[PDB]
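Structural overview
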Amino acid sequence: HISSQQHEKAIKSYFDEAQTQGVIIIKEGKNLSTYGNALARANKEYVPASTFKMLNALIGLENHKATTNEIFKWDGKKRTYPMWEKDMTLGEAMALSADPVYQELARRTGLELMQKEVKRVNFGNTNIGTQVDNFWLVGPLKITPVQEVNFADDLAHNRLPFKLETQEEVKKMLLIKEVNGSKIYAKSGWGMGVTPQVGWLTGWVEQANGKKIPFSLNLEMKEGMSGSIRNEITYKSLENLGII
């Protein structure tokens, strides 16, 4: 079998080769493992960016601000990315990380219920400030990679304080890959406002035999970089560890 010195070296190298700094936390049962080329990022706070869509969806659905088949219409105004200029369900908006749809959901939820719910779930530092529609991009909401992997663990196991059905509905939105009888569920994130910029991929592997292994990748994104680096580093890491 492969030494842990070798696993640690290989996974550090994936971050080194992307010329970034980052950490990937893996949780097996109750045990947290930190890998990568910048381990001390593990308990530093960063903005959640689009990772917050997972919780935005849980809250909106739990509180009847939307259903999973409702179509959010594009209002016809130019959006940052052309793929966002279409009508979509929460689930399609989740896959495209369409922030305008999630901003609409946050506004339906409203600042007051959003604050209560985020406090109730104990997400990150739990502060959302005064603007219901932008608190996940440039503050004041922050969260550590450890807190992200613990949130994933909670969602993967239906332990968050929302109906089981709400959790299943949001989980069905998060399937991003199947790989040898393993399913990967995750939400990506790219905070382009903050400096430096933060990249996330937080989720879990559901293995053939039913076991769920949560992970959170957290790295620095730079002007040169492609978004799929987050996926590539993650898949390479989970494979190196034989998780997938």
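The following refers to the structure shown. (Residues numbered from 1 in each chain as written, not as in the entry; some residues may be left out. Heavy atoms only, no water. Residues with missing side-chain atoms left out of burial classes, pairs and counts.)

1. A word on the overall build of the protein
Which entries qualify depends on this criterion: Counting from the N terminus, the helices are the DSSP runs of H or I reaching at least four residues and the strands are the DSSP runs of E reaching at least two. The contact definition used throughout considers only heavy atoms, calling two residues in contact when any of these lie within 4.5 Å.
A count of helices and strands for the protein gives 8 helices and 6 strands. When the helices and strands of the protein are placed in sequence order, the string is α-β-β-α-α-α-α-α-α-β-β-β-β-α. With the C-alpha coordinates of the protein rotated into their principal frame, the extents come out at 55 × 40 × 30 Å. The contacts of the protein with a sequence gap of at least 6 include a subset with a gap of at least 24, amounting to 57%.

2. Quick notes on the packing of aromatic side chains
Quick note on the threshold: Only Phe, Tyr and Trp rings are paired, with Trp represented by its six-membered ring, and only when their centres lie within 6.5 Å; those with planes under 30 degrees apart are stacked, over 60 edge-to-face, the remainder tilted. Burial classes: relative accessible area under 20% of the type maximum marks a residue as buried, over 50% as exposed, and values in between as partly exposed (1.4 Å probe, protein chains only).
Counting across every chain of the model gives 8 aromatic pairs. Ring geometry for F52 and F123: centres 5.8 Å apart, planes at 70°, overall edge-to-face. Placement of the pair is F52 in helix α2 (residues 52-62) and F123 in the loop between α5 (111-121) and α6 (145-156), with a sequence separation of 71 residues. Its relative accessible area of 3% is what places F123 among the buried residues. Connected via pairs of aromatic rings, a cluster forms that spans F52, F123, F135, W136 and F151.

3. Points about helix α8 (residues 229-240)
Rules: The span you would expect from a helix comes to 1.5 Å times its residue count less one.
Relative to the 16 Å expected for 12 residues at 1.5 Å per residue, α8 spans 16 Å between its end C-alpha atoms, a close match to the ideal helical length. The element α8 is largely enclosed, with a buried count of 9 among its 12 residues. By the burial criterion, the buried members of α8 are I229, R230, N231, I233, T234, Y235, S237, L238 and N240. Contacts from the buried residues of α8 go to α1 (4-17), β1 (22-28), β3 (175-179), β4 (182-191), β5 (197-206) and β6 (212-221). Two residues or fewer after α8 comes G242, characterised by a positive phi angle close to 60°.

4. A word on unusual backbone geometry
For the bond running from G139 to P140, omega is 0°, close enough to zero to count as cis. With omega at -5°, the peptide bond leading from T195 into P196 counts as cis. With respect to the helices and strands, the residue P196 is situated in the loop between β4 and β5. Its identity is not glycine, yet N158 carries a phi of approximately 60°, on the positive side. Notably, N180 is not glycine yet its phi reads approximately 40°, a positive angle. With respect to the helices, strands and loops of the structure, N180 is situated in the loop between β3 and β4. What makes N180 exposed here is its relative accessible area of 74%.

5. Things to note about the sheet that holds β3
What counts, and what does not: The pairing criterion is simple: DSSP has to find at least two bridges between the two strands. Axis lines are fitted through C-alpha atoms, for helices just across the contact stretch, and the angle between N-to-C directions can take any value from 0 to 180 degrees.
Taking strand neighbours across the sheet as the criterion, the 6 strands line up as β2-β1-β6-β5-β4-β3 in an open arrangement whose pairing is antiparallel. Unpaired on one side and paired on the other, β2 (31-36) and β3 mark the two borders of the sheet. On average, each strand axis in the sheet is tilted by 20° relative to the strand beside it, whichever way the strands run. Relative to β6, β5 runs antiparallel, the two sharing 10 bridges. Residue pairing in the sheet places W204 in a bridge with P214 of β6. Each of β1, β2, β5 and β6 is contacted by α6, which is oriented at about 150° to β6, the strand it contacts most.

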